[PDB]
Each structure stands twice: as structure tokens, then as C-alpha cells.
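Participant: One structure, as C-alpha cells, below. Some questions next.
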Amino acid sequence: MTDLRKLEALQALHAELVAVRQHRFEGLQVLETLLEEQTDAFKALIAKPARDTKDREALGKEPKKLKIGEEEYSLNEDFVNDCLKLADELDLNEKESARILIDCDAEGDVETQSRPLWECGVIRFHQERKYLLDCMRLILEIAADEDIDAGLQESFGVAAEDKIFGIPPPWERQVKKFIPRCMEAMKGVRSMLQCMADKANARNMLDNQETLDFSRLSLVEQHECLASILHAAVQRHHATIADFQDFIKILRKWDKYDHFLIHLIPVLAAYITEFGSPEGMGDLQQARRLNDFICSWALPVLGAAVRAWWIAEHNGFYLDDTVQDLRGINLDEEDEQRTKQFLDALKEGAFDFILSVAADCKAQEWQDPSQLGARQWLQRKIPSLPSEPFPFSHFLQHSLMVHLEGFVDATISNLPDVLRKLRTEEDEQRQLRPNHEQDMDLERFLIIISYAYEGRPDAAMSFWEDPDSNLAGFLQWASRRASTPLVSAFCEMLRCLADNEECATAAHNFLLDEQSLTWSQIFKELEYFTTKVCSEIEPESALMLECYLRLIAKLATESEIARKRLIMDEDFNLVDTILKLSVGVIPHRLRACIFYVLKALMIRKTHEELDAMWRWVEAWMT
Amino acid sequence: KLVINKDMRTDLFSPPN
Amino acid sequence: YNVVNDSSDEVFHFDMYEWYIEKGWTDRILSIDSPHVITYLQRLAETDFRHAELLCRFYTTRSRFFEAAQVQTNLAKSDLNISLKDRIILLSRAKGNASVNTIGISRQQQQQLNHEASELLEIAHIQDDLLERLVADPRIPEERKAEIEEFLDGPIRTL
């Protein structure tokens, strides 16, 4: 139709944005026509008129005829009761609340859902904020898409500056900035959600359960959209120090761990990147004050992670003495200060919190049984989520992985001596007291690196292109003599860094000799454990065997040269070892891993390989 | 739609009546 | 104010809409969900500028920009007692409101209105530049200026 209401206007507009995002430009002329009709909507993100007494007393005094804009309607004793109910639950003005209910009668959605008329008003109200805010994310997302025409990419850019951020275009030109409105906007969502649980829990302590669940889902989605919009706005260098201080204070006043903190994490990450790192407001003098300001907290792990990130990002200034001025300043004292601060942050559990957040972010309802118990053998002391149905999006995960990989690169290219001293400390601690379990800082860091580099071959290739870079340097340095946990973490990292065939072949060529880990030692340990079981076993040995089996299966499924070599290698004879191990007394996990390795090796085979496999199976089963 | 007609106007520099 | 909003007297609520308008309480009138006030305005919108402005506010906040551009344009072309500068504001608003999408209305219908408002706004600015300059001109007799102000400070004239 052409005369669509507010709800139908936003729903139709959303469909158009998806078309342009999915490589469908058949609605260019129709898209521009909608932004002009909803100009007043994009200006204010979310604002509910306060409940006024003039309309409350007037609505109930003469509930006979209602006049909204140009049209006229008649109020009856039944409809009038729904207006007061909707206005009370949401604390919305009677005039605005009535318009929402009128839209339901016209569209006639009461029969499509079979719910009370007053309840539909709550859903219709939440739908407006959903599309009104969700559509804004698509505009900025399409404005940053590099796989589209440069002309179209710029059209949505300037439009968002004026429609969303209220900044006029360059060819023209009391008002309030966007951030202060966004901060107050998100604040209303929190206060509205808090009062919702208090009132809902009171009456609960019905047919509206699903409606309350849908409203909570819409609220969390709107909060995520507002967080993404704030992140995008900050990415354009449109912030200041006051907003940063306010955000830091809000974080310090954080009470409970929930999805909102995970959504705000990237906001603080971008803040530190713009201010802390030398990729933004490059005011060296200003950075000194922020350092002392950051370096009250109701949760020490948050402050530890914040300080660690700030140090990692701000240690890039003190690399050379030619791109900036470093006169009349001592270096060793500041280096020792940053080192002790990072050590304290580690002891407080910064990497632990980062790993817990990364794990809770990608929480999947179902997981492949081929990777059970992987990366779940640590000591997690951080409380988990309440398990409520709040699934995450994809852009948020992408941004989180990008920020994590950036932090990893920064920490590897800025603080190598820190990692060296930490590894030496862990080694000497495990040596002087083997009965005790040393800290898992390095293992947690490697697991975080693995989580960051997952399904992103464009970034994983960086570890193979330049073998003389810092990335390859750390990769080859982390393969020397170490304990079982570090070897297992490195094997898991290698397995997760094989999303394609090229990376698998690169890892295969780098693992074998051309000291670092080699297939020779792996097979020697396999044969040793086989002879020991066949003439007990510790959890570390089983974990190492499972990691080796998973890595072999991944390499065989991804690479071809390894599959063709190991299958007929005379010096390895992996099949015999895995069979002698499976026929022994061991848990079912090792047998399952061996079976999956066999499957991977036999994913692509020929007549000779089939004959050999059948011969071995018959010989070992007869 | 414009139509110039210098012929019959109203003297802009003389009062009315 | 409870007793007021709890009433079902319709002539009363009409008299109160008029009274809110009089006192200037855009605060409380724009905050009424009801269509009853919209319908009341739709009958007297094309009767008075102040009422039309209220009607257009209700449309815009409901993303019905094209309908407001229609009310504003007709008001600028009308023979109501409206000053030229007020007719420049009406056209300028209509031009903006017709340039943005309104759901349920064809791109062709939007552009044709945005184009009519753009042309009439161009003529209106010319007329305003003339009237201002003529009134201020030292070489124009006072007797003529009053006559110029009568014929140019009103509906928009042909080029």
C-alpha cells in the first residue's frame, strides 16, 4: 500500500535496507523516499512523552470522541479502559498511547495474534523502537561496505551524519549532540527493564508470559543496536574526554555480570583504541593524564582487564624516538611500572575474565561431538550467565574477534619481554613445586588467541606469509621444550588455524623438520604410551593424546599432502600405533578420537587404500 | 508562465486616485 | 485534571482543545493519543493557520510527512489571511516533507508535490526580496509603498 502507518512504514523500510545489503539495488529510488518521510523519527532515537495529567483527566471525563491529527475516532467504555492500562504499564502519554491502540484496530492484528487489545499496544510500541533502531545499524553497515559501488557507499554515509547524528552535510551549515542522547536513550532501556522485573515479579510471585519474553528480547536487541550505533559513531572520531570519563564511571558502578557488559566491552575497546593507542587523538600529553586517571571498582577483574588493555595499547608510543618527542622523560621507571601493573592485572584474573567472556559469547545450543572437552579443562572462577534466552548477533561477534586479534597483535609486538618473564616464572614455579599447579596465564592467552583466530583465514595467513615477522617469531618460540598444557594449547591453536587447505599445508610444512615440535617426537611419545599401556595414565597424557589426534584429523581433513604422506609413511606407521592404543584399556574419548582420525584419513581414498584398510581391519578384528 | 506587457501598467511613481 | 480527562462530554472536549490552543499549551495537546483531536483538526485545518500547524505536527510525528506537505502547500496557495513570510515557511516545510519517503505513497506523487513547493518557494522569495527592497527604497513615495505592501504581502503572485 501507500498510506502506511508508523509500524508498517518502519517494517517496509527495513526490508529495503536488507535488499541493498544483500546485493539488490532494485529499490534505490524507493529507499530515498522513505528517509524523507521519517526524518523526524531518525532525529530522536527513543523518547516517550511523560504521562501528563491534562490528558488523563480529559480522556476519562468525556470518553466519547477522540481527535488525533486530521482523523476522528469514537471512544467507548471498552477501548478507553485499554488506553489507561497501556499508559500505566509503560508510563506513556494518553494521547500517544491511544494512537498505538488505534493502529491495532485499523490493521486488525487482534485476530492474527488472538490477544487482548491492550497487550497488542505493548508489542506495537516495542516494534517501533526495534526497526527504528535496527534500521540505523544497516545504514552505517552499508555505508562501510567495501564490496559495493563507491557512489552508493557515500550516499548512506552523509545521510547518517544528518539523519542519525544530526550533523548537517558539508554543503550547508542550541542542539544537543548525539552521544548524550544515546547515553540517555540506553539509560531509559535499563530503568524500564529494571522496573519491569520488579513489577512483573511482584504479580508473578498467564497468557502474557510469551509477550513479556518477546518484550525482553526486543529490549535487549534495541540495547545491542544502540551499543553498535555508539561504537560506529565513536569509530568516526566524534567523541571527547567527558564521554570517556562517564563511561569509565558507569563501568566502575557496574553491579552484575550479564550480556550488557559484553555488549559494552567493544565500546571501551574502541575508546582505548582511539585515545590510548597512537591511532587517533595523538595528543601525547593528554595520554599521560588518562594513564594516571585509569591507573572503587566493584569487580576487580574489570579494572585489571581495562588496565591491561590500556597498557598494551599505550606502550606503542615508547618504541622509537623519531616520530614523537620523548625528551626529559625516563624510560626504565615507566617500563617497570607498566610491568608491575600488568602482572597485578594478570594475578587479578584479566585473561581469565577475557576467556570467560569469549566463551560465553559464542555459546552454541549444540556442538559437534568431535571436539568435546576441548578448551574446557581450566579453573573458571568467574560466575556464568543466568542461561536466559539472549542469543548474540553476528556483527557483534565479528567486531569482538577483530578487537581481540588487534589486542593480540599489540601485546605480541609491544610486550615480548613480559611474556618471556611470565613464562620463565611459570616454569621455575612448576619446577620448584611440581605437586602444585602453576598459573594458566600463558595457556589462557593462547586459548584467547585461538578463539580470536577462528574461521578467519585472511588473518591466519599472516602467520605463514612472513616467517621472519613477530607473529612467526612467537609461533616458533612457543614450540620449544615446555609442559603438557602449553603443548596442548599450541596444538589447539594450530588446529583452529586450519580453516582452509592453504593454512593446513603451511602448518604441515612448518611442523615437520626442513628445538621446535616435530612429528618424530610426537610419534615417539605415541609409541611410548602404547608400550606402557600394553606393557597408569594421567589426565595430562590423555589430554595430550586427544589433542594430537584432533590435530592429525584436522590436518588430514584440510590438507592433502599430509593425508597422502602419513597414510603410507614407513617411519611413522600411525595406524598401527593408534590401533594398539585403541585395543588397550583406555576411556572412550581416545577411541572416539582415533575413529575420527581414521575417518578423516579415509575421507578421500582409492581402491588400494580401501584394500589396505579392509586388510588391517580384518587382521585386527580376527 | 510570464507575459511582458509594457503597454498598460500602473505608474509606480504616482499615487492612486 | 482527572475530572477533566474522565469526561465523556464531546462539546466539552472540543471546547478544551480550543482552550489549550488558546493558552498555547502545545505541551498537553500534542500529548493526546486520541484520534478524536486529529479528526477535530482535520475539519478546521483549512480554516486557520494555527490549527493547520497543529495538524501538521501530528502528521510528522507519525511519519506522515506527505500529508503534512499537502496541508502546508494548500494553505500557502489559499486566500486565507496569511502573510507572505508565513507562506514562505509553509512552502519551505512542505518542500522538506515531500522530499522524504512516506509509506504508502508513490515516489511520483512525492516528487510532484516537492516540485510544486519548490517552484512556489522560488517565486515567494523573489516576491519577498521585492517587497523588502521597495519599502526601503528612498526614491519611492510613501503613498505608493503602502499600496505595494497591500498587494505583495499576501498570496503569491504570478511571475
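Participant: Using Cβ contacts closer than 10 Å as the measure, can you line up A:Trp464, A:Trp297, A:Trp171 from fewest to most?
Facilitator: Ordered by Cβ neighbours within 10 Å, fewest first: A:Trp171, A:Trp297, A:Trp464.
Participant: With springs only between Cα atoms under 10 Å apart, run a GNM on chain C and tell me which of C:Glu53, C:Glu132, C:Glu116 wobbles the most.
Facilitator: Residue with maximal mean-square fluctuation among C:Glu53, C:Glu132, C:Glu116: C:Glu132.
Participant: For segment A:55-114, take the alpha-carbon Rg, divide it by the Kirkwood Rh, and send me Rg/Rh.
Facilitator: Looking at segment A:55-114, the ratio lands at 0.95.
Participant: Treat the count of other C-beta atoms within 10 Å as a stand-in for reagent exposure and order A:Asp52, C:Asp9 from fewest to most.
Facilitator: Values: A:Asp52 22, C:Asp9 14.
Ordered by Cβ neighbours within 10 Å, fewest first: C:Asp9, A:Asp52.
Participant: Mind telling me which of C:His115, C:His13, C:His125 comes out most flexible in a GNM of chain C, alpha-carbon contacts under 10 Å?
Facilitator: C:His13
Participant: Given the rule -39500 (n - 2.57) for each run of at least 4 DSSP H residues, summed and divided by the residues of chain A, what is its mean residue ellipticity at 222 nm, to the nearest 500 deg cm²/dmol? Could you put the intermediate results ahead of the total?
Facilitator: Working: 31 runs with 419 residues, N = 622.
Helix contribution divided over all residues of chain A: -21500 deg cm²/dmol.
Participant: Rule-of-thumb check for segment A:475-575: C-alpha Rg over 2.2 N^0.38 Å?
Facilitator: Details: Rg = 13.4 Å, N = 101, 2.2 N^0.38 = 12.7 Å.
For segment A:475-575, the normalised Cα radius of gyration comes out at 1.06.
Participant: What does the structure give for A:5-11 when I average, per residue, the other chain Cβ atoms found within 10 Å of the residue Cβ? Let's see the in-between values first.
Facilitator: Details: counts 5, 5, 2, 3, 8, 2, 1.
Taking the mean over all residues of the peptide, I get 4.
Participant: Now a separate question. Considering every pair of different Cα atoms, what Kirkwood radius, in Å, is found for segment A:145-192?
Facilitator: Numbers: mean 1/r = 0.0774 Å⁻¹.
In segment A:145-192 this quantity evaluates to 12.9 Å.
Participant: Kindly flag which residue pairs out of A:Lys199/A:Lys362; A:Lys177/A:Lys249; A:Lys67/A:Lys187 have an alpha-carbon separation exceeding 23 Å in this structure.
Facilitator: Numbers: A:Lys199/A:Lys362 32 Å; A:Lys177/A:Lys249 20 Å; A:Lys67/A:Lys187 33 Å.
Cα-Cα > 23 Å for A:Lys199/A:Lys362; A:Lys67/A:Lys187; rest within.
Participant: If I take all pairs of Cα atoms in chain A, what percentage of them are more than 36 Å from each other? Provide the component values of the computation, followed by the final result.
Facilitator: Details: 100477 of 193131 pairs.
The answer is 52 percent, as a whole percent.
Participant: Here's something else I'd like to know. Around A:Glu8, with a cut-off of 10 angstrom between Cβ atoms, what is the net charge of the other residues, counting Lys and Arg +1 and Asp and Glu -1?
Facilitator: On the way: positive: A:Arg5, A:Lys6; negative: A:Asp3, A:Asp103, A:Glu107.
Residues close to A:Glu8 contribute a combined charge of -1.
Participant: A further question on this structure: Let me know the whole percent of all Cα-Cα pairs from segment C:1-100 that are separated by more than 21 Å.
Facilitator: Details: 1825 of 4950 pairs.
Cα-Cα pairs in segment C:1-100 separated by more than 21 Å: 37 percent.
Participant: To continue, here is another question. Within 10 Å of each Cβ in peptide A:34-45, how many partner chain Cβ atoms are there on average? Round it to a whole number, please. Each step should come with its number before you reach the end.
Facilitator: On the way: counts 7, 3, 12, 18, 9, 8, 10, 6, 2, 0, 1, 0.
Neighbouring Cβ atoms belonging to other protein chains average 6 per residue here.
Participant: Straight distance only, please: which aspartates and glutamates reach the Cα of A:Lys43 with their own Cα at less than 15 Å, same-chain residues fewer than 8 apart left out?
Facilitator: Answer for A:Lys43, where 15 Å is the Cα cut-off: A:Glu128, A:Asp134, A:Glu161, A:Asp162, A:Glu184, listed by chain and number.
Participant: Need the list of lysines near A:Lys532 for cross-linking: C-alpha distance under 21 angstrom, and skip anything on the same chain fewer than eight residues off.
Facilitator: Once the sequence-local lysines are set aside, what remains near A:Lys532 is A:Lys524, A:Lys580.
Participant: Sticking with this one: Which chymotrypsin sites (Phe, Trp or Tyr not before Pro) from segment A:1-95 combine a DSSP loop assignment with at most 16 other Cβ atoms within 10 Å? Could the numbers behind the result be given before it?
Facilitator: Values: sites: A:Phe25, A:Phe42, A:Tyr73, A:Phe79; in loops: A:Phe25.
When the chymotrypsin sites (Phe, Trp or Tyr not before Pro) of segment A:1-95 are filtered for loop state and at most 16 Cβ neighbours within 10 Å, A:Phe25 remain.
Participant: Given all pairs of different Cα atoms, what value in angstroms does the Kirkwood hydrodynamic radius of segment A:26-83 take?
Facilitator: Details: mean 1/r = 0.0675 Å⁻¹.
Computed over Cα pairs of segment A:26-83, the Kirkwood hydrodynamic radius comes out at 14.8 Å.
Participant: Then there's this: Taking N as the number of residues in segment A:201-265, what value does Rg over Cα atoms divided by 2.2 N^0.38 Å take? Could you put the intermediate results ahead of the total?
Facilitator: Working: Rg = 16.0 Å, N = 65, 2.2 N^0.38 = 10.7 Å.
That ratio works out to 1.49.
Participant: Taking the Cα centre of each part, how many Å lie between segment A:451-512 and segment C:80-159?
Facilitator: 71
Participant: Let me ask something additional. Stick to Cα atoms and the Kirkwood definition of Rh, then tell me Rg/Rh for segment A:65-178.
Facilitator: Working: Rg = 19.7 Å, Rh = 17.2 Å.
With Rh from the inverse mean 1/r over Cα pairs, Rg/Rh is 1.14.
Participant: Within 10 Å, Cβ to Cβ, of A:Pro386, how many net charges do the neighbouring residues add up to if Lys/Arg are +1 and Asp/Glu are -1? Could the numbers behind the result be given before it?
Facilitator: Details: positive: A:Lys256; negative: A:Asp258, A:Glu388.
Every neighbour counted, the sum reads -1.
Participant: Which of C:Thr60, C:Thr26, C:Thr47 moves the most in a Gaussian network model of chain C with Cα springs under 10 Å?
Facilitator: In the Gaussian network model the winner is C:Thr26.
Participant: If you take every residue apart from A:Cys182 with its C-beta less than 11 Å away from the C-beta of A:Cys182, what net charge results, scoring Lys and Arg +1 and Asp and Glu -1? It would help to have the intermediate numbers written out before the result.
Facilitator: Numbers: positive: A:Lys176, A:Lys177, A:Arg181, A:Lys187; negative: A:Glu184, A:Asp243.
That sum, taken over residues with Cβ under 11 Å, equals +2.
Participant: Whole angstrom only: what separates the Cα centroid of segment A:249-272 from the Cα centroid of segment A:118-162?
Facilitator: Going from one Cα centre to the other spans 24 Å.
Participant: With bins 10 Å wide starting at 0, give me the P(r) of segment A:435-527 over every alpha carbon pair, in whole percents.
Facilitator: 14, 50, 30, 5, 0
Participant: Another question, if that's okay. Could you give the size of the charge dipole of the protein assembly as shown about its Cα centre, using +1 on the Cβ of each K and R and -1 on the Cβ of each D and E, expressed in debye and rounded to the nearest 20?
Facilitator: On the way: 92 positive and 138 negative charges, 205 e Å.
Dipole of the protein assembly as shown, to the nearest 20 debye: 980 debye.
Participant: Order of A:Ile448, A:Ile241 from fewest to most other C-beta atoms within 10 Å?
Facilitator: Exposure proxy ranking, most exposed first: A:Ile241, A:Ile448.
Participant: Let me ask something else about it. Over 25 Å between C-alpha atoms is what I'm after, so list which of A:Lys340/A:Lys381; A:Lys61/A:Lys95; A:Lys85/A:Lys163 land there. Write down the numbers at each step before the final one.
Facilitator: Numbers: A:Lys340/A:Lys381 23 Å; A:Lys61/A:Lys95 14 Å; A:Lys85/A:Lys163 34 Å.
A:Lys85/A:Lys163, as the Cα separations exceed 25 Å there.
Participant: If you take the C-alpha gyration tensor of segment A:304-369, multiply each eigenvalue by 5 and take the square root, what semi-axes do you get, largest first, in whole Å? Could you put the intermediate results ahead of the total?
Facilitator: Numbers: eigenvalues 256, 42, 10 Å².
Listed largest to smallest, the semi-axes of segment A:304-369 are 36, 15, 7 Å.
Every number here is computed from the coordinates shown, using simple stated rules; none is lab data. Using ideal geometry, Cβ is built from the backbone for each residue, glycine included, and neighbour counts are taken over all protein chains shown.
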